[PDB]
Structure formats: C-alpha cells, structure tokens
Amino acid sequence: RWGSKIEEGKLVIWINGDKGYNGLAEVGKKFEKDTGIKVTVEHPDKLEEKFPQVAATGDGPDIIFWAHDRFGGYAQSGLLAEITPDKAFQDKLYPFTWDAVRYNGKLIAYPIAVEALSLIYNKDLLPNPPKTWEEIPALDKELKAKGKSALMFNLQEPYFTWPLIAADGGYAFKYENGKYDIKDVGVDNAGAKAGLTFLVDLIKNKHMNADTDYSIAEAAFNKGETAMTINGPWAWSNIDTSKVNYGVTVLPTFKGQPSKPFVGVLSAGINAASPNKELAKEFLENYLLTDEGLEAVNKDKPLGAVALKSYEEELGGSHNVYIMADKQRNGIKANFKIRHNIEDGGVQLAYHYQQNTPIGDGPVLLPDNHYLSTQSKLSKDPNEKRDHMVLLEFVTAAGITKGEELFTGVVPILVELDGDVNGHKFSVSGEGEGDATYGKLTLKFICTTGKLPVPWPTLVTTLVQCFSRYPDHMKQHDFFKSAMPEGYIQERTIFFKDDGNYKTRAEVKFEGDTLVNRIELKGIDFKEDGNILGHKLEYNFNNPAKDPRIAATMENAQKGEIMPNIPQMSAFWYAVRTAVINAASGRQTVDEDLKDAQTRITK
Ligand SMILES: OC[C@H]1O[C@H](O[C@H]2[C@H](O)[C@@H](O)[C@@H](O)O[C@@H]2CO)[C@H](O)[C@@H](O)[C@@H]1O
C-alpha cells in the first residue's frame, strides 16, 4: 500500500532486556561519533511479538536482535531484508552460525553469539554439583535441613524446561534430509512425557514451586538461597556482582542421557522497511562484529560463545585442537593452547603449533576446518619404581555442526621419544592401546634414562591423533587415519609462556600391526629455576579452559539441538509453554497436556 515510516539517516535498534543493551549503545555512540548517524537502542517488552505487527505497517526498528528461531517467520512474512556480506566477511564468522540465519537458503540476519543453557551452581553450598537429575531430590532434602533449596529456575518459559523434556527423546520438529517435517512433532513421545513427568514429580514432592519465574530464581540464586539454577551467559554479570562463588557446568543427565538444551544464535536482522539498510550493514559489519564492538556488549552482559572467530579466540583461549587443511603439503596444520596448573596456584600456558605431512605418496583426506575435543587423566602405577606416567585419554572430532579399516578394533601402540632440553638428554618409551571406536587411549610411559628432567604433563601432547573418534558425518575430515598404514610426520613447536620452547618431529605409522609413534624433541631457552626445568607443574592434565563458563556453554550446546527457524516455531513455543505451565500447576495430567500441545502444533 504506502511508504516506510522509519526515519532516514539514523538507526533504531531493538534488543531484549536481558542482553547487554548499554554496551551495544556504546557501540552506537562510536558509530555516531565517526559517521554522524545517530543510533538509539531500545529494549521493549515482548519485542519479538511487537516486531511483526509494527514492521508490516512499514514501521519499527532498523535492526532487531533476537535468537535466530523467530527470524524465519519474519522472513516468510517479508519483514527482513536479505543481508549481503561478501565472502571475506562471511569467513570471519563460524560457518555453522551462518546456517542458523538462513531462510530458504538466503541469509536474513547477522549471527552474533551462540547461546545454550548451563547448570549454574554455588560452590560454597555445593562443591560437587550433581551429574544426574535423579539425585536432585535427595540433595534438596539435605539442603532444606539447612534452610536452602537445591535448584530454582524459570518454569514459566519453555526454553528453560526443554533440556529435561528433550533429554530422553522429546524434539520439536523432525529433520529429514534438507528440511523439517512440519507434521512430525516430538512433544508427546515417551521421552518428552518422561522429562515433563520428572519435573511435575519435583513439584509434587516439594523440591520446586510451580510459580518460580525468571526473577524469583535469579534473586534466590544471587542471594545464596538455592544451590543451583539454569540460565544462560547473559546472567553471569549479575552473579559476578552478587559475589556468590559460582561455577557453570554441564547440565545434569536424565535416564543416563545428556540434557538437550536448544541452541540459540543471537542474531541481528534488518527491517525490510528500513531506508537505512546500507548504514545498518556498516554498523553491524564494521562496528559491532569486531573485537572492540563485541567486547563492549560482552562486558555489559556476557554473550557466550561469539560467532566472530577473532574474538571467540580471545575469549575462549584456543581450548580445542583446531585443525586446518594445508593444501601445499597435502596435509594439515593445527594450533591450540594447553593450560598447565602451577602447584600453589596459577596457570602456565603452552602454545602449540602443529603440522602433519603424509609419509606415503598415496591419496589422503584434506579436511574442512574442525576441532578435536580432548580429555585426559593422569595416574601412577603403585608397582612401578621407574619414573613413569599412566595416561587415559578420550578424543572426539567436532566443530562443523581405507586406512580407517586399520582402526575398527583395538590397536597396540608403541611410543619412543628421544629428548634434549637445554642440553639435558632423556628418553621415554611407552606402550598400550587405542580404541578409535570410542576415541579411547590407554598408555603407560617410562623414562628409560632415570629421572625425567621436565614435568610429565608437558610431554602429554607430544607422546597419535589417528585414534580420535570422528563421528559418521565427519569421516571425510579424518586426515590421520587416511594417511595409514604408511603414516605421517607430525611436527610441533610448543612455546612455554615466559620460558623455553619444544620443537618436535614424529613419525606415526604401522610397523606390522602396531601403531608406532617415534619422536625427537629439542628443548631450548628454558629457565633452570622456571616451571618446567624446576618441576613446578601439578601432576594432572586438567587443562582448564580460559573461561570454564564458555567451555560449559559449548559443552551443553554440543549435546543440544539447534532451534529450527520455521514459521511454525511460534505455535511450538506457545503450545509447549501452555502444556508445561498447566502440568506443573496440576491442570490435566502430563499426558493430556502434551497430547493437546501435539495437536495444536501439527494442526
Ligand atoms: O521460552 C520460549 C522462548 O525461548 C527462546 O527465548 C530465549 C532466548 O533465546 C534467549 O536469548 C533468552 O532471552 O531467553 C529466552 C527465554 O526467555 C526463543 O528464542 C524464543 O523465541 C521463545 O519464545
């Protein structure tokens, strides 16, 4: 019918009231300073409901911030402009974040950050938080005797109860090669019913109240009245302020399975009715999606795991082994940072650089960018009198969403290392076994020359990533197994912060039916009284993340499932909100409530 009501030569931004809007307004101010384009940030109530209404009239903000789930219904209605970042810009964000903001293939928002719920706990009330939902009733009873509760969280919004509902099988819409079946809905299967029954049981047994909402839970946790809550990264600042000694960790399991929170990509979309689309583009691309821009928002209220690689590298500290194809060497490179705990406190950084080149001239898989997530545990064999290390490691590939035949069983491993650190020569032999099906390494190492002159934990990375578990969907990214049996050369430099460096070269290959890692290490420039040569590192491989809260967010997100963005998501949310609220409050049984939700969603 008519023209836009939105004013030219300025930007009006809507963002939710739980996000860092004062921080974003600081980015606005800098933009205004540089360009003369005034930026107003607003945080209206129920803004995800008000946008489609005002935007259809040709009105509303120039930019709207929300999790990516609602943007497909906006895009279906013609309310969002197709965005046009070029290849160079797109390469600056994780690929998977761009996929969250596609509607019929087209990019319709800029991803900003990847959000998942975690378990937030009070370390003074609960130094070891529960691994299982099932143990929380007894924990509540114990805490109640001391006038505290175990757990309070927002039961009024379905986003917060969904991790429990989905844990044993509930799902929103079924995904089947390419799209969501709008008629195959998982809110009323056995798994959803069991989660929602567990929640209702908590309320019947008086471990939770039906009326707990976002404000009540946050105030209870921040005043030290409940030992746990469930919330997202945006809430961490208010906790910081309260001075409660908190941790953020993996959500509890239910019937043995991880909780499955929905994964939201906070995203910024451009109103189709804005006459300021180029200015909005410049703001989001050249001001907000920069390290300085995300930091201003992040310092206000934490974003989580940001979409922008450069700033996620600064926040996250390169926790995982990050792998890239090195086409020139028909191989790969990798970098990552290990953090070794120092005995009476502190952390000793070890910056790792890596490259692998196949030995044989035969074909190998060159992967897309991805990472390996590694967990290691160190122990001692009480019968072993030589200086030694017992290692158990688990490794899995992630980071996107024939030699392999030599690894389908359990392979014996042998390791030989000749070292020279500041002229101090030493040798290590190891043996054990790898089970690539489970990503599992079990090994024992001995210093064959007497006392190891460096801490054992500093040699863990040097002492067979062919034993990583690459899931089905990622097998084409496994360079390591594809090199075998002839194998590969692996080279590293490892720089120890404020101290020396290791340079390593290894051949990793089958000799007969044994996987053998033969290594030469040279250490130069170390301090004799430093952490390494002075043996000041704790004996473990805890390798804590720079920010354990971000690590816990990504752990929970990988166990979760990306929100669909289909227009039917608004009927989904309404239907589950109603079913959960009803069931909690004793209106109808869990079965009837979830059945009504199913019927409403699929109509
Ligand atoms: O509870 C339903 C609601 O869940 C999600 O909203 C989250 C949002 O993603 C987070 O950024 C944060 O603000 O908490 C909200 C829950 O209160 C969906 O994104 C949203 O569309 C849906 O209605």
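A few notes on this one:
- Residues that are polar (S, T, N, Q) and either more than 16 Å from the ligand (Cβ to nearest atom) or more than 30 Å from the chain's Cα centre (by Cα) (or both) within the stretch 253-277 comprise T253, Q257, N271, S274, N276, listed in sequence order.
- Of the strands (runs of 3 or more DSSP E) entirely within the stretch 142-200, those holding at least 3 residues that are buried (at least 20 other Cβ atoms within 10 Å of the Cβ) occupy 149-151.
- Filtered by the rule that a residue be among the aliphatic types (A, V, I, L, M), away from the ligand (no atom under 16 Å from the Cβ) and out of contact with any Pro (no Cβ under 9 Å at 6 or more places or on another chain), the stretch 64-118 gives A81, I83, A88.
- Residue tally, condition among the acidic types (D, E), closer than 17 Å to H340 by Cα and assigned to a strand (DSSP E or B), over the stretch 489-534: 0
- Qualifying residue in the stretch 557-570 (condition: charged (D, E, K, R) and either more than 26 Å from the chain's Cα centre (by Cα) or in a helix (DSSP H, G or I) (or both)): no
- Residue in the stretch 243-252 that is part of a loop (DSSP other than H, G, I, E, B) and within 16 Å of the ligand (Cβ to nearest atom) present: yes
- Of residues in the stretch 274-294 being among the hydrophobic types (A, V, I, L, M, F, W, C) and part of a helix (DSSP H, G or I), the one farthest from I108 (Cα to Cα): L294
- Residues located in the stretch 208-242, provided they are away from the ligand (no atom under 15 Å from the Cβ), more than 28 Å from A194 (Cβ to Cβ) and not in a loop (DSSP other than H, G, I, E, B): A219, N222, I239, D240, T241, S242
- Only residues that are in contact with a helix residue (DSSP H, G or I) (Cβ under 8 Å, 6 or more places away or on another chain) and either hydrophobic (A, V, I, L, M, F, W, C) or not assigned by CATH to the domain that holds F407 (or both) were counted across the stretch 438-451, and they come to 2.
- Comparison of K87, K141 shows that the only residue that is out of contact with any helix residue (DSSP H, G or I) (no Cβ under 9 Å at 6 or more places or on another chain) and outside the structural domain of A583 (by CATH) is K87.
- Scanning the stretch 567-597 for residues that are crowded, with 18+ Cβ neighbours inside 10 Å and away from the ligand (no atom under 12 Å from the Cβ) yields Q568, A579, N582, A583, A584, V590, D593, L594, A597.
- Residues of the stretch 323-373 that turn out to be surrounded by 15 or more Cβ atoms within 10 Å (Cβ to Cβ) and of a type in the set (D, E, K, R), as a count: 4
- Count of the stretch 403-437 residues which are assigned to a loop (DSSP other than H, G, I, E, B) and out of contact with any helix residue (DSSP H, G or I) (no Cβ under 8 Å at 6 or more places or on another chain): 4
- When the criteria are applied in full, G28 meets the requirement of being of a type outside the set (A, V, I, L, M, F, W, C), farther than 30 Å from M228 by Cβ and either within 16 Å of the ligand (Cβ to nearest atom) or crowded, with 16+ Cβ neighbours inside 10 Å (or both).
What is reported rests on the model, the rules as stated and the sources as named; no laboratory read-out is quoted. Virtual Cβ from ideal backbone geometry, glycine too; neighbours counted across all protein chains shown.
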